[PDB]
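Q: Got an experimental structure here, sequence first:
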Amino acid sequence: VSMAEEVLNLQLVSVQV
Amino acid sequence: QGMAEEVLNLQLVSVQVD
Amino acid sequence: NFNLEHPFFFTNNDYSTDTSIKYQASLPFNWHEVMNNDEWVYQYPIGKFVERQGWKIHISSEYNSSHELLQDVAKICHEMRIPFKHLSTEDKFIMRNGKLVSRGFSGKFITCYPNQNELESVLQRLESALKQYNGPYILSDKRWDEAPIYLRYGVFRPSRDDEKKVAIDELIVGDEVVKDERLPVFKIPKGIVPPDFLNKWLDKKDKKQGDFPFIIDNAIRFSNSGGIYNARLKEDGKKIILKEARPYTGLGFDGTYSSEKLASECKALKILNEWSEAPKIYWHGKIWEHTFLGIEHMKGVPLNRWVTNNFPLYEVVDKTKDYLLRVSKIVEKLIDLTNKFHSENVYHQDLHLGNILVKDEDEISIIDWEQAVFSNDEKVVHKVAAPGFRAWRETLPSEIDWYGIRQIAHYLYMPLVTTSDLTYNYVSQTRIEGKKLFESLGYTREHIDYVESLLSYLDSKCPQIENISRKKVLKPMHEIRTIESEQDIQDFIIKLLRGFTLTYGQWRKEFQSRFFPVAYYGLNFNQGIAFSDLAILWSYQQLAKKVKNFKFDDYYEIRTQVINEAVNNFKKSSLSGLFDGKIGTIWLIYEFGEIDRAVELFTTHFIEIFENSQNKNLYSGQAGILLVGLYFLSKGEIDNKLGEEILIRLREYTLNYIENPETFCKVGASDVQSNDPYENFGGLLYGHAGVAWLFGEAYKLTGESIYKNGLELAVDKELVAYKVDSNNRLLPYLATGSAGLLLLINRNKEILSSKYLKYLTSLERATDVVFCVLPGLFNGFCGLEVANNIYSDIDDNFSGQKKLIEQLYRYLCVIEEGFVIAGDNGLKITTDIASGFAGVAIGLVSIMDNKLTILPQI
Amino acid sequence: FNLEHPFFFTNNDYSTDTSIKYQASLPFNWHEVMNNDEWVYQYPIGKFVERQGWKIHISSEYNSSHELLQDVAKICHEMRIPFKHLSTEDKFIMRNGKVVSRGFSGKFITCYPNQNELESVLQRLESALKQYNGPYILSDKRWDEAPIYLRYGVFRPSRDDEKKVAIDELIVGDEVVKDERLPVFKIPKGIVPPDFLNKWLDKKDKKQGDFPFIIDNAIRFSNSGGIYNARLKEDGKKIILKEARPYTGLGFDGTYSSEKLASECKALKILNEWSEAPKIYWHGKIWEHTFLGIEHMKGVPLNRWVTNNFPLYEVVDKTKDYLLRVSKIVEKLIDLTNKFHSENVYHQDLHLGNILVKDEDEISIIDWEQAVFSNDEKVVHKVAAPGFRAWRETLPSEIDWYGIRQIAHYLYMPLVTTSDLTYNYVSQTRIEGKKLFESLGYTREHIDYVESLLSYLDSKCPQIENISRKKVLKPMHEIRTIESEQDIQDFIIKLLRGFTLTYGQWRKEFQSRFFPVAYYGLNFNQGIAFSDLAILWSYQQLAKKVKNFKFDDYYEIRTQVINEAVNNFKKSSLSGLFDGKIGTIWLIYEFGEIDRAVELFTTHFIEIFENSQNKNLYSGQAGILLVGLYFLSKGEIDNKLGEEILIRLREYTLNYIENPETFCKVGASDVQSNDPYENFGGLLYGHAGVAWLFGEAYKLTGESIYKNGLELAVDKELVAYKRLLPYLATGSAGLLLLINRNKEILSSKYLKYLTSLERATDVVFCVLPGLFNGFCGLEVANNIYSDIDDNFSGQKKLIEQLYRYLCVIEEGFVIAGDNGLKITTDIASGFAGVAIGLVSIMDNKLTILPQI
């Protein structure tokens, strides 16, 4: 635990195949 | 038990206004 | 009922939310379910020919077995080819068996329509396949067999193209048509031979085994199963009032019939058989299938009649003051007896003016104990309540009676309890208002302190709860302040106008039909000066112009939008016989601005709205047209060619009025009240002093010899009704007379002789009442005060405000800074000319400049 | 949903809100004003609330929502901060669900304090709540332990003495920044935070046993998770994981997505010994969210398998061998369905995307989030695909069997999508697919095998009573051949009869429009695309082809549509041909009141020509030019009005000849919902409508100017000669329509391709039933200008193909609307969408567009 990485990886948006 | 007139008198309106 | 009713404002018929469990059955092929007018669900077999005017079978059922009887009867009819229909939802089933439903249509649940050549294959199947049956008795037929099966000769589907003379519910035998007998007794119609297998059924007959030992004498209108009537016992000669409990009818929203309600009243009045009042049961018996409950009637009057007969309305009425000894005595007797019956765990749950009976020497009596519950350990919401005696947020059965006693004691203190269902804790208005009311009449300080102390003692018994009913914005006032200067008027005006963003936008956020809410009588009316969404904003215009503060919020787009919704309402009203014009709308456009279209509309629609009037009146006839018509020619807006015909009608109306005055002036001696009944002929708007107003304004315009004679005739046509009968109960108001004829005399005071002006001082004491019930200007309170000092020719405007506003503080509910008024039948908030905001807006704006913008003064 | 009305569509007028509401006690010197049906604002009276301050968003779960609302109200009433909250339970479910956007989540309580009384009210709120854990809003950081989140948001609108109102622009200095609702907490530019909040923005914590995931892509961010792949550091196989943020994602019942993924974990833990069996490689809760990664097998979803393996054309299916594959995969489905019915685990959601197929026709079942572990209740099917919803709260195992029955009937005939509308719709597919599988020439053994399989799956379906208010809709079982013209009139009188039924059903529930419309065009009430009078016009034309009317309501509607179709010119502002200003005038022209139509055409003609910002046949000047050309051919106007129309049409084509692209823009080739930059093929939205204009212009006048532009337009449409879009409006059948219209005009080189696109447009199946983007538009153009009497053969083709889309009501038929479900009648897909084809196929007129 003890991390804020989950909220700061939750938007990247890529590929449409 | 078995009377049938309690429906057959219930239609009366008359007048009872004071 | 109350939960289906939209809170705050009134609502139209199109508010069926229908949040319940629907009634429906499974459809096979060769069949289809069609939807009727939101109450019935009709199913017919396709290809099968359905006839007209056949022997309809009606089936009734109770609440718990409703689903099983519906499914069984539907599965019987789907196997055959008999057309089929039934109720839509559960709420319509409750409404078809409620207490307020008409007894001509009660319990009709399934009305199947089988073939006229095959009934014996239908009726025995419906008898044998139903098994368990617990249905009520419809007031249609005579109970075919034992199962609730009823053979009414009614009407099927309407006539086809091959069958002429459709005559819905009118065809019986042949070419002639007799109306469908909606009498509750079964009656075979004139003609129609019965089938051979039904002639043996329609003989029946049975012998006698008793003759119900209580003789009914007279009666009044029923509700669903019993009614208000009087009877006499067979054994003793004492007067008895028994109640009729028809089985499986009179449901509330919960599954409670009237039979267990009268059983609860019986079990309450058996144990209550020694405490003087609340009489015991003389006879209780289940004869045939109905239930009867004989309770004797004591000599007394209801508390509403006692309030209206014993209250200081005038100085001459109730001499030597007193009245607080009587009020304190009857309230103390109420408290003592209420504490007496709160020992054996029995209560009332319905306190009302008609439930408390008083008699000679001020002895109370309590009746109508049908809602009593014998246990007090749960929290229940008040199910059925009088208009003004409803609880909030599931109070206990212990203090529902205490809340009712508190409300009736505040009615006895000062009678305005009727809006307590709208605003929570409304009695803080009546306490503070009645204190300064009784401080002005001259009642003694120790009696006022005694009644205030006992009233606070009941205020210590009401449960102070959190107010959660979507009415949290409606709060009472504890800032009852005197009027000292003009700032104390202008702050009242700016707050009263500032509340309209709230009370207008909240009507916008849920309703789109009208733009302003109205009363229940004037909800359908949307044009003219009686009930319109235009005259309210018109009155708002001069009330904003009469004060310095501008009250910005919303004036441009609404003032443009009212023209757009009113332009298509000049074409009658799309349904109008006599109110097609209601002219004076052009006067509102003249006050609004852009007179270039108002003159064109006045010249366009003036002639066709005159010949269509039949019942001659200012409102329902053509007499009120000429008052507005003379105004434009006095102002100089029309041509003399148009005005010559108007003056010709002015001259022609006087000769018809003075030739035969009894052509349309029928008042019927007694008071006409208002609204629809008793022909509404008291004076002015709803009466015949409007033509006296016509004669006054016409003679003020131009001088004619016949105008004064017709004016004196119209004055004497109301002056013969001089029945002041030692003051007043009666119907003084403004739109029914008294203040209106005072206004007529004070208008043209320089014209009439001294004989009419001599009557003015003796009717001034008649119209100087200290209390009225309604708050409007037509049939309310402020219509008196706007007419009292209107043409005094002296600067007493501040005295008029210091009278009117302080007397108006009793009808005011505040919306967070802004005040608002409940109208006629004051349970619902409203704003209109009749009883609401505009009834005091016109009063304020007329009393501060002496203009009276209801009607033109030239 | 439950609030979504059956039968027809509904944009927003049935917000019934039959649920427990949210409200708080109101003290004196306060207020409660109604906001836009979702919030109730409470503010103290005479207190100066400011603008552009620090808001606080308080979020909570469903169970303790009432208690937290009462606590926040009771701590906020005695002090002077304005306060607002949600209205009812249904709006709370809508704001905390799976379909709602992730930027607006958990918005329960938004108080509006001041700058000076800020630290006190935050510490008071933290010490007051101190519990009731809830959702994490994707706007801020979680202050303290209670769900308290401080967003520098938007306040009350600007005062009259202040300027630059600028709603949701936040006005930092003189410049204003767009308040983007990004999921990451991003402080906007400028704005110095206060001193007591400066120590809160930098509370960074150290690292720990960090997750071995490399997230590469993101496809499906709905509200809480996503359908998105990742990379595993240890196992070389591809991993796809799900994200379960706590207390978000809800149905109408209080079931969060965390226990849904827990149910998927406890299902796929015991589903590990099977052939497909996507096992849980890692399960655990990190920080506060819950993650769950499962293995992904190589394959394609069943949409792509059906659209790639089905005999649409006569050349794509070689040596048959398709029903054997269908029988193999249905047998595998039956065996694997009976496989997991022993250990008391079920699916409760059978979808096309939930069935994965690979090489050698091996099935694979995924998406087990709605599994159940007990079969002894009668719960209702809560969440379902559009076409796979059970009825009347039946047993979970036979809900799975109903899904298997519907997917097998999709595999037999791909028309499942309206089975939510008409109960037992699969009988239509079972009847109809046999008549074409005996027409393609498939083997009787395979056809009898798949029919025996479909009869076997019907034995395990719960044939029950139909109580869903859709007892009006029933399937057909009298689908017979067509061998006489009497078949045509007693079919078409049924199609006439079926229209007043749904008209009365629509008017008994709505009062806004007169006829139902599809969603795409529910608000549209003009033109010959989505209106209320074009359908009645097609009704009148098709009733004129029958010897008797037998219409209950036909006169007052006729006299009412003229009154309600003349005030839209002063209200609407959308021009063109379809849903345009002149389309209604064209409708009034073939309606009666010819003088009124000519007066309206002479009145509103110049203002609608320069008001078009596009030049398409859908919404552009080409439609106005077409209607004016038709009026010039009819002779209803004068030469003074008709002179400048040709001059303005010449300016439309001289730049078109020199510059053929102009408004062609990018080369898109898709349609989907037909808003975003269409495939521009064919008519309507297509690039080839100017060819129809040039053909109708050279029919009337004649010169070499229009012919060169006509051939250039045909060549510009001809660059798409290569597909899976043979439709009428947006597709290749419009080119066949143009060439059949102008066969004598175009040369033999251009007529050489007429025999080429015929085999392209001779498909035996289309999904939608309409004429714009359905099946009927192909068949109405297949014999539109044959110059021969094969009208009865055209009817015997089109109606026998149209039997698969019919649902019977009374003694009449009616067309299922767009996307299969939610029945409607318009020109796109409805009664009119077959009625125009029926009235056009036997008259060779094509009453959509004239022949000069």
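A: Perfect, I can see it now. Numbers count the residues shown, from 1 in each chain, chains lettered A, B, ... in the order given.

Q: How about the residues of chain A by chain D?
A: Neighbours of chain D within chain A, by C-beta under 8 Å from any C-beta of the partner chain: A:1-16. For the C-beta atoms, the positions are set from N, CA and C on the backbone; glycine is no exception.

Q: tell me which of the residues you listed is nearest to residue C:562?
A: residue A:11 (50.1 Å; C-beta to C-beta).

Q: From what I see, the closest one and residue D:183 are in contact.
A: Yes: using C-beta atoms under 8 Å as the test, residue A:11 is close enough to residue D:183 to be in contact (5.3 Å).

Q: ok, now which ones touch the one residue in the stretch 201-350 of chain C that gets nearest to chain D?
A: Nearest residue of the stretch 201-350 of chain C to chain D: residue C:253, at 15.6 Å (C-beta to the nearest C-beta). For residue C:253, the contact set (C-beta atoms under 8 Å, 6 or more residues apart in numbering or on different chains) comprises C:1, C:3, C:94, C:383.

Q: what do you get for residue C:265?
A: With contact taken as C-beta under 8 Å, 6+ apart, residue C:265 is in contact with C:293, C:369-370, C:372.

Q: again with residue C:94
A: Contacts of residue C:94 by C-beta under 8 Å, 6+ apart are C:251-253.

Q: if we can go back for a sec, neighbour-wise, give me the winner out of the contacts of residue C:265.
A: Within the contacts of residue C:265, residue C:369 tops the neighbour count with 24 neighbours, counted by other C-beta atoms under 10 Å in any protein chain shown.

Q: Check the secondary structure at it for me.
A: coil (DSSP: H, G, I helix; E, B strand; the rest coil).

Q: before we move on, what about residue C:229?
A: Here residue C:229 is recorded as strand under three-state DSSP.

Q: What is the burial count for the residue in chain A that chain B sits nearest to?
A: Shortest chain A-to-chain B distance, computed as C-beta to the nearest C-beta: residue-wise this is residue A:10, at 75.2 Å. By other C-beta under 10 Å, 20 other residues sit near residue A:10.

Q: just residue C:282 next, same as before
A: Burial measure for residue C:282: 16 neighbouring residues, criterion other C-beta under 10 Å.

Q: Is it correct that it falls within a helix?
A: No: counting by three-state DSSP, residue C:282 is not part of a helix but strand.

Q: How about the contacts made by it?
A: C:233, C:240, C:294-296.

Q: Looking at those residues, which are in strands?
A: Of the contacts of residue C:282, the ones assigned to strands by DSSP state E are C:233, C:240, C:294-296.

Q: from the residues you listed, which single one is nearest chain A?
A: For the ones in strands among the contacts of residue C:282, the nearest to chain A is residue C:295 (74.0 Å; C-beta to the nearest C-beta).

Q: how about that closest one, what does it touch?
A: Contacts of residue C:295 (C-beta under 8 Å, 6+ apart): C:240-243, C:269, C:279, C:281-282, C:367.

Q: For chain C, what's the nearest residue on chain A?
A: Closest point on chain A to chain C, by C-beta to the nearest C-beta, is residue A:11, at 36.5 Å.

Q: Run a quick neighbour tally on that residue.
A: Residue A:11 has 13 neighbours, counted by other C-beta under 10 Å.

Q: Also the one 4 residues further on?
A: The local packing count at residue A:15 equals 10, with neighbours defined by other C-beta under 10 Å.

Q: Show the contacting residues for it.
A: Contacts of residue A:15 (C-beta under 8 Å, 6+ apart): D:217, D:219.

Q: Tell me the backbone dihedrals of it, please.
A: phi 60, psi 140 (degrees, to the nearest 10).

Q: quick one, helices of the stretch 51-200 of chain C?
A: Assigned by DSSP state H, counting those that start in this stretch, the stretch 51-200 of chain C shows helices spanning C:66-79, C:90-95, C:120-128, C:196-199.

Q: Figure out how far the third one is from the centre of its chain.
A: To tie it back to what came earlier, the one meant is helix C:120-128. The chain centre lies 47 Å from the centre of helix C:120-128; the measure is C-alpha atoms, centre = their mean, to the nearest Å.

Q: Which strands and helices lie in contact with that helix?
A: In this structure, helix C:120-128 packs against strand C:55-59, helix C:66-79, strand C:149-153, with contacts taken as 3 or more C-beta pairs under 8 Å, 6 or more residues apart in numbering or on different chains; DSSP states H and E.
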